[PDB]
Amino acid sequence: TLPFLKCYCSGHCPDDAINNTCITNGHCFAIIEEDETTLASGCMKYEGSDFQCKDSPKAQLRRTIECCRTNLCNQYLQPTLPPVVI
């Protein structure tokens, strides 16, 4: 449970980050949101990560989050928003 993963962070970087990277013992994540649309990334602690990486299909705002456990797997990830409901 000692941090071993190095991730790219953007928008969710801790104050002591270095060159837009954070270290963690969980996952690296990328996320797109709306309301307009934006892209962010960061480090996610291991505990509670299954809840956050799954997210809820019934969130009010459309967004997609993706997780990975490989150094800087964050870097280049482009989740795609859920199709608008019609």
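Residue indices: 1-based, along the sequence shown.
*Asks:* According to the entry, how many residues of the deposited sequence fall between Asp35 and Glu36 and are not modelled? Options: none, 1 to 3, 4 to 9, 10 or more.
*Replies:* Going from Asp35 to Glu36, the model skips 1 to 3 residues of the deposited sequence.
*Asks:* Take the C-alpha B-factors listed in the entry for 4-12 and for 75-83, compute each mean, and give the stretch with the larger one.
*Replies:* Higher of the two, by average CA B-factor, is 75-83.
*Asks:* Highest CA temperature factor in the entry: which of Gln60, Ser49, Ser56, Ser41?
*Replies:* Each of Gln60, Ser49, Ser56, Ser41 was compared by C-alpha B-factor; the highest is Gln60.
*Asks:* Using the temperature factors in the entry, find which of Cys68, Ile18, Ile65, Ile23 has the highest value at its Cα atom.
*Replies:* In the PDB entry, the greatest C-alpha B-factor among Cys68, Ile18, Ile65, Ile23 is found at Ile18.
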